[PDB]
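Q: The authors' numbering applies: residue 7 is where the sequence shown begins, and numbers increase by one.
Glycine included, C-beta positions come from ideal geometry on N, C-alpha and C.
I have a structure here, written as structure tokens, and I will follow up with some questions on it.
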Amino acid sequence: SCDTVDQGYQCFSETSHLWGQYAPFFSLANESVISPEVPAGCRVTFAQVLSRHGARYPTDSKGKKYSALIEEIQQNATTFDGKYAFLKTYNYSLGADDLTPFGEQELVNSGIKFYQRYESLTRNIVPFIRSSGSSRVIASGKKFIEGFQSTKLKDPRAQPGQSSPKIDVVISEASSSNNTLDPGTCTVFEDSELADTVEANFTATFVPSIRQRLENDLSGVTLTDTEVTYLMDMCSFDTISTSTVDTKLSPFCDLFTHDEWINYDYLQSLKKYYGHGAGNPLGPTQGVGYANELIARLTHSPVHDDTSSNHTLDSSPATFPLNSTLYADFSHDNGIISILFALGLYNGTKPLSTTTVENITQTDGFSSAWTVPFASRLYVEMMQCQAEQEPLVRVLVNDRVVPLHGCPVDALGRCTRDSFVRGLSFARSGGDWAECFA
Ligand SMILES: *[C@@H]1O[C@H](CO)[C@@H](O)[C@H](O)[C@H]1NC(C)=O
Ligand SMILES: *[C@@H]1O[C@H](CO)[C@@H](O)[C@H](O)[C@H]1NC(C)=O
Ligand SMILES: *[C@@H]1O[C@H](CO)[C@@H](O)[C@H](O)[C@H]1NC(C)=O
Ligand SMILES: *[C@@H]1O[C@H](CO)[C@@H](O)[C@H](O)[C@H]1NC(C)=O
């Protein structure tokens with residue numbers, strides 16, 4: 007009941023919604039001031055979904071550190087009581103890198119939801135599908151296709167025995183690969199340390215108090231600030247790795263107060279903002295490949311790009327068809343942040359304060375949790391309306407209508423295609439990709 011196909015993960019939302027990019031997808035449809043519904047007189051003629059992979063186990067690296075930290079807490083501490091008792095016996099048995107059962111289901115759900123929302127097209131049109139080449143992203147693509155195909159089969163209006171939807175293109179994450187979904191070739195951006203600095207500066211403003219209380223409660227234990235954030239991370243990973251994802255919040259969660267979760271969440275928005283978003287000088291530049299691919303799709307014309315795009319892939323109709331109506335792309339949070347910013351979507355957002363928490367009003371809709379949670383989705387729609395000769399573009403971020411920037415937006419969040427594309431002059435010029443090397 008608190009976890010559904012349509013509304014996502016609304017369980018314990020006072021905690022679970024502040025885990026940033028470790029938050030399980032939760033729908034923001036009700037938080038949308040503008041209605042997500044197709045307006046009257048309007049028909050959707052195009053839909054692209056860009057999705058993150060689903061909930062996962064910790065990376066092997068982080069998982070070794072979590073697991074070693076907890077042993078140390080077990081070897082050293084003398085008092086494990088009250089909220090701390092569970093820690094004496096806690097037996098680290100999380101897996102590593104792979105999607106969890108819960109994460110698998112999120113993407114099945116996401117396929118169901120995309121199939122249903124665009125049913126008057128998904129009934130007879132097989133989406134053209136791409137995925138960044140990482141096992142968890144690929145597996146996610148296939149779970150999404152699973153749920154989509156299940157729903158098509160049950161739909162009385164679906165044209166049956168069409169080819170299956172499949173992952174048409176797996177884009178390489180190798181270091182030499184031009185990957186629009188998650189670029190790794192911008193040498194100077196790859197070397198950036200802005201995020202780390204910001205992370206440390208902000209963690210120093212709220213973590214030491216927590217560190218202190220933990221050392222106080224667990225006599226014999228001594229912790230770094232970084233270690234405290236590991237036990238904060240465990241609250242998400244120990245909640246959504248288990249069978250009890252829907253019924254029980256991890257015990258890690260209750261070692262920290264709501265106000266500390268607020269800082270945690272904000273910390274997570276900072277890492278993403280200065281790591282991959284407008285805060286980082288080459289962050290939005292990581293999104294221009296995809297933005298140029300998006301424009302080719304919207305205008306049914308050849309990709310004009312010389313940043314992250316692979317030309318062998320994009321100049322062939324087989325691996326980059328221009329008229330497929332429906333498209334699905336699967337990737338990582340960091341690439342999705344860059345793309346969100348390269349598309350102008352958060353150009354109402356002032357650079358985030360590195361010293362003080364900012365609520366979702368101050369940041370004008372930007373947060374890690376609101377943009378790239380586990381199984382995040384972005385939908386780009388093109389629609390044709392009664393009073394207008396031109397197609398109108400509309401964008402939703404996790405079910406929230408996000409008003410376009412760079413073009414004359416109407417009160418429904420939309421701009422004409424031609425003006426939206428013209429607005430994307432930063433991506434059209436290649437953004438700051440020339441600086442990847444000087
Ligand atoms: C572009 O894609 C092709 C086809 O998958 C591949 O073999 C080649 O490595 C890619 N080139 C770059 C620069 O990514
Ligand atoms: C546990 O004690 C060891 C050895 O004294 C020390 O080096 C380590 O930092 C302590 N760790 C924690 C998490 O308290
Ligand atoms: C890959 O991107 C680089 C850097 O933008 C570009 O110059 C090169 O020609 C591209 N290679 C392919 C196969 O698209
Ligand atoms: C968004 O603002 C950035 C901030 O520099 C600018 O480069 C970009 O062109 C703007 N994009 C749109 C669509 O307005």
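List the whole-angstrom C-beta distance separating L288 from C442, where the pair is believed to meet the contact cut-off of C-beta under 8 Å.
A: 7 Å
Q: Would DSSP call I76 helix, strand or coil?
A: helix
Q: Please tell me whether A381 and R58 are closer than 8 Å, where the distance is taken between their beta carbons.
A: yes
Q: Is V175 helix, strand or coil when you go by DSSP?
A: strand
Q: What is the rounded straight-line gap between the Cα of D424 and the Cα of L300?
A: 13 Å
Q: Any idea what DSSP makes of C259, helix, strand or coil?
A: helix
Q: Keeping to the same chain, check which residues put their C-beta closer than 7 Å to that of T106; ignore five residues upstream and five downstream.
A: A61, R62, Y63, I246, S247.
Q: Can you name the start and end residues of the alpha helix (DSSP H) that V114 belongs to?
A: 107-123
Q: Going residue by residue through the segment 272-333, where are the continuous alpha helix (DSSP H) segments of at least 4 residues, counting only ones entirely within it?
A: 294-305, 317-320
Q: Please report the straight-line C-alpha distance between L346 and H338, rounded to a whole angstrom.
A: 12 Å
Q: Looking at ligand 3, does it come within less than 7 Å of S198, judged from the CB to the closest heavy atom?
A: No.
Q: Is the segment 209-216 close to the segment 184-198, with three or more CB pairs under 8 Å?
A: no
Q: I think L328 touches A302, with their Cβ atoms under 8 Å apart; what is that distance to the nearest whole Å?
A: 6 Å
Q: DSSP three-state label for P30, please.
A: strand
Q: Tell me, to the nearest whole angstrom, how far the beta carbon of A334 is from that of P133; I am working on the premise that it is less than 8 Å.
A: Rounded, the Cβ-Cβ distance is 5 Å, consistent with contact.
Q: Checking 8 Å against the spacing of the C-beta atoms, do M389 and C17 come in under that value?
A: no
Q: Would DSSP call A348 helix, strand or coil?
A: helix
Q: When the Cα of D312 is compared with those of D320, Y90, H282, which residue comes out closest?
A: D320
Q: Using the Cα positions of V44 and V401, report the straight-line distance between them to the nearest angstrom.
A: 12 Å
Q: Express the C-alpha separation of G190 and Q392 in angstroms, rounding to a whole number.
A: 44 Å
Q: With distances taken Cα to Cα, identify the nearest neighbour of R136 among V403, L332, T377.
A: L332
Q: Among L255, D174, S99, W439, which one has its Cα closest to the Cα of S330?
A: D174
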